[PDB]
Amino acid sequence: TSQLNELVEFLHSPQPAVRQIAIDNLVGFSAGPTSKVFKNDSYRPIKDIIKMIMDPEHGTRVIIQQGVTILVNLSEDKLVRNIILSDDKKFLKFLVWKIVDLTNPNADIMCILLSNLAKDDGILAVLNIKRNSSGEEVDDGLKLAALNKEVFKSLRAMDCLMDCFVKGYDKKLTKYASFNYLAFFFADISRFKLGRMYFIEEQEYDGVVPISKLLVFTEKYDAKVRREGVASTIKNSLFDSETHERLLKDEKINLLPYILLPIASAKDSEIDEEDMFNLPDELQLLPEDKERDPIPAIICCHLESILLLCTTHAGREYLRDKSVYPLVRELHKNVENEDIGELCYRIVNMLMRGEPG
């Protein structure tokens, strides 16, 4: 196929029917070598597609679906992501409020787009996106749908996205979405200092430290995406060792048990009675079928978190008192994976150390 260049220009035709036909024929070419065409004329096609998606009148279910599909494919390019975020600031606002709209059938692929955009630090703007009110509202030419007041108590976008992920798993808020890929969004945004601070500080709308609301999903073994993203979010949240003592000893957060459960097993582990007594309550009287997370990369991520918590003496004391060493030892014994093994002994190397001077 030759002259795609002519076809892509019809994306900014004044006639809706033309735009409709153009994007319908272009979505197929957004994957693979032919995707180069969308970067023609300083990424004009991408700007046009964004304009099409946000159109309150002509932005149909299909056009949004096809438009977002294209962007998802093209968002692999750093330069494309830059256009999506900075060229027209309102799109990111449009995107996050559409995800929160529980009547939006394209919510999940929008979560995927959002998670891809989180690779760019421009994503940090999300932390500042807020509404004047719930209920229908106009904002910089955007028609924001009314918030469901029963489930969304905040006017801040980040809080609402958190609500979707925490309460919307297994289609519990919408028949259209489970918001799994918000886990990757959380993972990538928590890499940045300002993103990390959201997750480890108490928020106003519910009076809860956000990272605590994600911990339960470390054991959701029918949602690999959720486990992966949450694991990385926990790890990123522990970047500053000066915050470790507070986070570990906050009983409302109860952080440690949800890092340890994925590496704990009922069948394999040999742990003394005295050591078992010191485990967190959640780790005792495990069910007989309790097994470790089978995916090594997830386990290693949990071990990286434990290793981070070994940075301070107070941290190491806390981990030792909770029988983290026996747990790590048995993991080392029973899971023959060199990456896991290496991390296990790095943790022991730290827990072997006494107090500095």
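Residue indices: 1-based, along the sequence shown.
Enquirer: Comparing 338-346 with 15-23, which stretch shows the greater average C-alpha B-factor in the deposited entry?
Expert: Comparing averages over the C-alpha atoms only gives 15-23.
Enquirer: Decide which of the stretches 142-150 and 114-122 has the higher mean C-alpha B-factor, going by the entry.
Expert: According to the entry, 142-150 carries the higher average C-alpha B-factor.
Enquirer: At the C-alpha atoms, which of 190, 241, 106, 134 reaches the highest B-factor in this entry?
Expert: Top of the list by C-alpha B-factor: 134.
Enquirer: In terms of CA temperature factor as recorded, identify the highest of 44, 302, 329, 320.
Expert: Reading the PDB entry, the winner on C-alpha B-factor is 44.
Enquirer: Should residue 218 be placed in the lowest, middle or highest third of its chain by the C-alpha B factor in the entry?
Expert: Lowest third of the chain for residue 218's C-alpha B-factor.
Enquirer: Report the third (lowest, middle or highest) to which the CA temperature factor of residue 31 belongs, ranking only the modelled residues of the same chain.
Expert: Answer is highest: the recorded C-alpha B-factor places it there.
Enquirer: Name the third of the chain's ranked CA B-factors that contains residue 173, choosing lowest, middle or highest.
Expert: According to the entry, residue 173 has a C-alpha B-factor in the chain's middle third.
Enquirer: Can you work out whether the C-alpha temperature factor of residue 276 puts it in the lowest, middle or highest third of the chain?
Expert: For residue 276, the deposited C-alpha B-factor lands in the highest third.
Enquirer: Lowest, middle or highest third: where is residue 228 by C-alpha B factor in its chain?
Expert: Bottom third by C-alpha B-factor.
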